[PDB]
Every structure is written in C-alpha cells, then in structure tokens.
Amino acid sequence: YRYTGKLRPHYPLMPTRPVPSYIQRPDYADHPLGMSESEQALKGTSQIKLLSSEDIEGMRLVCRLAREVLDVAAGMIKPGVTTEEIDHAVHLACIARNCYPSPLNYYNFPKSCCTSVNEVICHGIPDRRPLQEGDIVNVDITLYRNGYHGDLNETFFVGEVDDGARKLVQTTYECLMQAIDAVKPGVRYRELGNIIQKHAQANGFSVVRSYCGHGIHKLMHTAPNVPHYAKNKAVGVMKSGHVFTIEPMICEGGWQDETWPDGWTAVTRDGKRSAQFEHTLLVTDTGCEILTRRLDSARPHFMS
Ligand SMILES: CCCC(CCC)[C@H](N)P(=O)(O)O
Ligand SMILES: [Co+2]
Ligand SMILES: [Co+2]
Ligand SMILES: [K+]
C-alpha cells in the first residue's frame, strides 16, 4: 500500500476494550462480523420513519449524552495525547452514561469512536500516534441507548494551526450550519448538497462524494441518504418527525477518497487535509431541532 500523505497507522493497538454486560448492546455488537440484523432487514428501503413521541424522547436523550461524551474528548485535545488515549476516555465516558459505544464492532470496527487526523476524511481508527502541534483532528461520537443511536462530530485544532487549516475548518462548520438552517418540512433532502457545495467551492474547497449523511434512530444508518455535493439524486422530502444527520466532509484539494488496508480509514487520494462536522437533526413542524447541539456554548470547540 502506498500512503497518500504523511500519516501512517501506529500499531499495535491495545486489546479491545470490554463493555460491562449491564449496558444494553445493539444487535451487531455480538455478531462475529459486526453485521446488524435490523440494518440487513431494512437494507435498500427508501421509506423514512416518522418517529413517535417516545422515539423522539429516546433520540433526545441519546443525542444529549453523545454531546456530553464528545465534550469529554474535546477537553483532551492537545499535542502529545494519542488518539487511543482519547478513545479510552470516550469508552469510559459512554459506559459511565449507561450507553454502548456504537462504533465498537460495527462491521468489526475495532474502537469506540473515530479519530480522523489531517488527510483522514472519516473513520480513522484511534491508535498510538500522539497528536502533533498543527494537526486537525475530527472526533466522531456515536452512542447507543435504549434502542436509539445518536451521532455527532467536530473537527478540532491541535495547538496552533496554519491559516489553511483555520479556513478549511471554519468553512466546513459554515457549510454544516448553512445546511441545517435550510431544514424544515417540505425541503428535498437532495437540496442540502447544493447549499454545501456552493459555500465550499466559493472558498476553493471540494466536497467528498463517497460518504453521506443518513437517517438515524433504531438503526445507525438508514433512510434517507443525504449527499453533501450539488445535483445529487437523493430521494425524499423532509417531514416533521424525520431524524437524520448532515456531516459534510470538505477538502483542501480534490474530493476523491480511498480506503486504507484496515478497511476503514478513508483518506484523500491527494494527501491534503479534510474536515468534517456532524449533527443529528429532528425535523419539527416548523424547522429543526439540533439534537446533538452543545448546551453550554453557542459555538463549537474550535472557536474558543
Ligand atoms: C465507523 C462507524 C461509522 C459511524 C459510527 C458507527 C456507529 C459514524 N459516526 P458516521 O455515520 O460516518 O457519522
Ligand atoms: Co458520526
Ligand atoms: Co453519521
Ligand atoms: K481530517
């Protein structure tokens, strides 16, 4: 394998972290290949679930807890801390909240969160590499509680970063907020990518195409599929009761991605940097509730 950038995996990994048996587990947790019976059963569906009041409560809770855990991880970002150390803290933080770390054994994913440094687009595996001054790092948190998953991520600065890093992360955040702002009943899911690409491109960045936002509730990933690029073919129209994510990945260079031989780590083919933010959103009668919103600050971590 020829790496696309300077980053390399830092192995061996610590042995897999166990979750106490009293934490309720999603169906794939114990599947030998980490496959989900219920996602298999609904694979290929276009029908978007209208959540019940009890579902909405379940989603509010799990998403609030996911936010808390992401916030635990943000508090750790600094030069010298390994992504593994971050994952350990995130794993304990999930357990402490009576939640299962959703990524753990999802299609055999080895860790409890995704850490994506620099040219990693998404799904980086926490490992022995210490964070370095000037890195950007996304931490992606997904938690599972009482039958519900809650999904969010933020990109962070590691010490002082260059102007190019500032601009990429800022623009990425602005792309997310511009898309969220459009969400309300009657809007086509395919329109969000127009908004995202328009802003990214205006700033000289490209929009990853291979990974999309998604419905989320009882399944981790389900309808609708939500592309972040312009003129996509997404099916569906927003209605009050819909729950989905928007999670744009934006890049310094080209949009093209490839996967490391670990089967997960998605990197820019050119080796240039990529940033992402993600919220889980509930469509309301009037607009949208940001279920994974920070409660104790109006701003994401990179802005302070
Ligand atoms: C590799 C795992 C993928 C998933 C989380 C897994 C439950 C991510 N949080 P995503 O949907 O890519 O935001
Ligand atoms: Co996520
Ligand atoms: Co997601
Ligand atoms: K990245």
Side-chain angles (χ1 to χ4, degrees), residues 4-7 25-29 34-36 39 62-63 66-67 69-70 73 77 83 87 90 94 99-126 129 131 134-145 148-158 161 164-165 168-169 172 176 205 208 210-222 224-226 228 243-253 257 259-260 262-268 270-281 291-292 302:
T4 69
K6 295 214 175 137
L7 211 57
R25 303 151 83 74
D27 53 13
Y28 59 79
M35 287 168 194
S36 178
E39 279 178 346
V62 68
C63 291
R67 161 60 61 178
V69 169
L70 177 63
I77 302 318
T83 50
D87 174 87
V90 159
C94 299
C99 293
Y100 183 89
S102 310
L104 179 64
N105 207 46
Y106 186 72
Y107 303 76
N108 288 147
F109 189 84
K111 282 305 188 178
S112 299
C113 66
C114 308
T115 52
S116 296
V117 169
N118 297 334
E119 65 271 33
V120 180
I121 286 163
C122 69
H123 305 167
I125 293 167
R129 179 180 180 281
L131 292 170
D135 283 344
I136 64 175
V137 62
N138 180 279
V139 177
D140 189 331
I141 296 310
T142 309
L143 270 54
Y144 177 77
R145 174 87 173 234
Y148 300 100
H149 295 270
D151 192 9
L152 74 159
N153 71 59
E154 287 188 22
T155 305
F156 307 115
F157 296 146
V158 185
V161 302
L168 172 61
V169 171
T172 304
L176 178 50
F205 302 123
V208 168
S210 293
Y211 293 96
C212 294
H214 54 90
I216 180 172
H217 33 84
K218 290 174 184 181
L219 304 194
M220 205 24 246
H221 291 150
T222 184
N225 181 71
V226 182
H228 306 114
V243 180
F244 70 102
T245 73
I246 304 175
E247 58 185 306
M249 296 145 279
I250 300 308
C251 310
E252 258 175 338
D257 65 283
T259 307
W260 284 0
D262 64 36
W264 281 108
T265 309
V267 294
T268 54
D270 68 8
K272 295 179 197 314
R273 300 174 288 193
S274 177
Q276 184 178 34
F277 289 84
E278 174 174 39
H279 276 301
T280 293
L281 307 174
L291 299 172
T292 47
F302 79 97

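Worth knowing before you read on, the calculation uses all heavy atoms, side chains too, and leaves out hydrogens, waters and symmetry mates. We count residues from 1, following the sequence as given. Ligands are counted one by one from 1 in listed order, and the atoms in each one are counted from 1 as well.
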### Query
Where the side chain of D135 meets the backbone of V137, is there a donor-acceptor pair that is under 3.5 Å apart?
no
### Query
Do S36 and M220 touch side chain to side chain, with heavy atoms closer than 4.5 Å?
no
### Task
Using side-chain hydrogen bond (donor to acceptor under 3.5 Å, both in side chains) as the criterion, point out the one residue from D140, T142, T292 that pairs with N153.
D140
### Task
Report yes if some heavy atom in the side chain of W264 is under 4.5 Å from a heavy atom in the side chain of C114; otherwise report no.
no
### Query
Taking only residues two or more places apart in sequence, or in another chain, which ones meet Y100 in a side chain to side chain donor-acceptor pair (under 3.5 Å)?
none
#### Entry: Residue and atom, protein N/O/S, under 3.4 Å of the K ion (ligand 4)
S116 O, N118 O, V120 O, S274 O
#### Entry: Residues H221 and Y106: side-chain donor-acceptor under 3.5 angstrom
yes
### Residues in the immediate environment of ligand 1 (any heavy atom closer than 4.0 angstrom)
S102, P103, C114, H123, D140, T142, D151, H214, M220, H221, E247, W264, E278
### Message
Does either side chain, that of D151 or that of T245, offer a donor lying less than 3.5 Å from an acceptor on the other one?
### Response
no
### Message
Determine whether the aromatic ring centres of residues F277 and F302 are separated by less than 6.0 angstrom.
### Response
yes
### Distance, nearest 0.5 Å, that separates CG of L131 from OG1 of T115
8.0 Å
### Message
Would the distance check show the side chain of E39 and the main-chain N or O of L219 forming a donor-acceptor pair, the cut-off being under 3.5 Å?
### Response
no
### Query
Is the side chain of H228 donor-acceptor paired with the backbone N or O of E247 at a distance under 3.5 Å, no angle test?
yes
### Query
What's within reach of the Co ion (ligand 2), meaning protein N/O/S atoms under 2.8 Å?
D140 OD1, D140 OD2, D151 OD1, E278 OE1
## Note on the structure
Nearest heavy-atom approach of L168 to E252 is CD1-N, 4.1 Å
### Task
Heavy atoms only: give me the nearest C122-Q276 pair and the separation to one decimal.
CB-OE1, 3.8 Å
